[PDB]
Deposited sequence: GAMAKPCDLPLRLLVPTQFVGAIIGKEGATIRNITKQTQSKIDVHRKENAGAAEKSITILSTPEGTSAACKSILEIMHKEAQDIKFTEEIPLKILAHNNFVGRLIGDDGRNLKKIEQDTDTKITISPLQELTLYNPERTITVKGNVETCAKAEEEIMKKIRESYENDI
């Protein structure tokens, strides 16, 4: 107690500049306000960079929601009309509670949030990337609530491992 698995996101490279901000001001502000460690890494491919967030369950969600706001706000200013999905990366070993019983908890979460949630096919991953991509289509507030309940279920697998 409490759980130590990070939230990993895949965000479009479009919106990374705004998430970091000028002089790294935006990202630092989010780490202060959420007490998180946020690190932005290139990803071998997709035109996306990964964002790793180590914090408490709640600060993680607070940080995720801020990133969703900034992404959506940035999407307005470059006239990006499409809905920007939230893509959570989750290690395959810890997705059993989401995909288990014909994806019951996945569809449960869909219904509770008004989101369309899709998980990348097992076959798509490599030995260099064991993380499944969980794509949540919705909107800022609905994607963030969806992140809370997805990461709850991912942490349930992790904390009931063996």
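Report task. Pop the missing stretches of the deposited sequence into a list, counting residues from 1 and keeping sequence order. Result -> Unmodelled stretches, in sequence order: 1-4, 50-51.
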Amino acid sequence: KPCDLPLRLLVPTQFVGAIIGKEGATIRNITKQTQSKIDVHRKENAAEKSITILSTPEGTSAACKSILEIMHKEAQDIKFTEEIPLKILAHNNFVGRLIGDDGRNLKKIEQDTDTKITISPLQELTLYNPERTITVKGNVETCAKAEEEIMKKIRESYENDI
From here on, numbers count along this sequence of modelled residues.
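**Report entry** Which of 99-107 and 122-130 has higher mean CA B factor, as the PDB entry lists it
**Finding:** Taking the mean B-factor of the alpha carbons in each, 122-130 is higher.
Query raised in the report: Quick one: which of 135, 115, 45, 93 has the biggest Cα B-factor according to the entry?
Result: Each of 135, 115, 45, 93 was compared by C-alpha B-factor; the highest is 45.
Query - Assigned third (lowest, middle, highest) for the C-alpha B factor of residue 22 - result: Ranked within chain, residue 22 CA B lands in the highest tercile.
Requested in this report: For residue 33, return the chain-relative third of its C-alpha B-factor as stated in the PDB record: lowest, middle or highest.
Outcome: It belongs to the middle third of the chain when residues are ordered by C-alpha B-factor.
Query raised in the report: Relative to the other modelled residues in the chain, which third contains the C-alpha temperature factor of residue 84: lowest, middle or highest?
Result: According to the entry, residue 84 has a C-alpha B-factor in the chain's highest third.
Query - Third of the chain, ranked by Cα B-factor, where residue 8 sits - result: According to the entry, residue 8 has a C-alpha B-factor in the chain's middle third.
Report task. Tell me, lowest, middle or highest third: where does the Cα B factor of residue 61 rank within its chain? Result -> Residue 61: CA B-factor falls in the middle third of its chain.
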